[PDB]
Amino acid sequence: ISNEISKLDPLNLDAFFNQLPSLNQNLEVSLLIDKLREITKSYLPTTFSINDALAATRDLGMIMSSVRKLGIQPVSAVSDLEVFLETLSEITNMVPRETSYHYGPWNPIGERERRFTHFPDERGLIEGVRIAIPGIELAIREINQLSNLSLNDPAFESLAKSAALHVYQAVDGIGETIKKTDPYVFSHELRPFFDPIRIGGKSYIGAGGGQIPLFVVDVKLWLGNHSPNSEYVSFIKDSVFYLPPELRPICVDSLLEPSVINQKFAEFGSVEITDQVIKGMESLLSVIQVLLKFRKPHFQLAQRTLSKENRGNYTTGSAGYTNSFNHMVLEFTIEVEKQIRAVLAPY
């Protein structure tokens, strides 16, 4: 899917994107606005295939975010953008704005890579979500298959092992950020390109790491329908319709059903506890421990860049939360590791 979108240049902006970091560095807003005006007049978006509309949203969204970076609402300044983005989102059935999908897996590798700035630290955000997202999508489909297998079936253990290995891509992705993105450069140079944009009477947050579908893993795997009034369920609720449409039913079904681990805690204290059953209960613990290998260093990274020393003009991520939200998801995940460890303790 992604290589078919990353290869596209539907708005002929390849040469423009090799100038964009210098345009942004010199605050050349007139060339940004002019490029947005040329686009609405040069192109009939109703004629676009789905793949073209996804890549077009990627490219147009990034010029929009460069204008919003300066403090200007780009659709209030180029009012013809509105029906253009309207038309694009009817084709994508997605928000009229770029997300981490467009910035990561749909963003081409190499010389055509779309970047806001010349800073090498920006490569650490892009590669982070470009690595994490396909792996999480694989784990989503594998974890979804566990509701329908028995703890005693070896196919359960091997599928949950496949999921843990795929979730590791999120660890590989955040480790690329930690080693490439300076916290101070992030807050001062990159973070401003991810601010909300008003489009047809609604505000759309900018691309954000939290838009990788890790929360979909969580809802199916451990959260389920067990904490209705949580702030995490509020963030997931706000996130559903940012996901690719392909992922929305899994998320909605899982928010309305018991989680895998809740329903596997029942099976465990109800069936004959064999050796493969314990392997099955331990394959769930392994997956949870991989999310911790992502969430613990992620928390340290966000703490360092949101410190009084490094934070710049922001106290929040692009989704509007402080690191307390990250602490809250991390404590949830630790509580679940502790829960599985107790169920396994006699064995």
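Residues carry their position along the shown sequence, with the first being 1.
Higher mean CA temperature factor, per the PDB entry, when comparing 230 to 238 with 148 to 156: 148 to 156.
Set 118 to 126 against 261 to 269 and average the Cα temperature factors; 261 to 269 ends up higher.
You'll see in the entry that, of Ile109, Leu81, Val167, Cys251, the Cα B factor peaks at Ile109. Across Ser30, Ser283, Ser65, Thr40, the greatest Cα temperature factor reported in the deposited entry is at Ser283. Among the modelled residues of the chain, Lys293 sits in the middle third by CA temperature factor in this PDB entry.
Per the PDB record, residue ranking by Cα B-factor puts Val277 in the highest third of the chain. Sorting the modelled residues of the chain by their CA temperature factor places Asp34 in the middle third. Among the modelled residues of the chain, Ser100 sits in the lowest third by CA temperature factor in this PDB entry. Ranked within its chain, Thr316 lands in the lowest third, by CA B factor from the PDB record.
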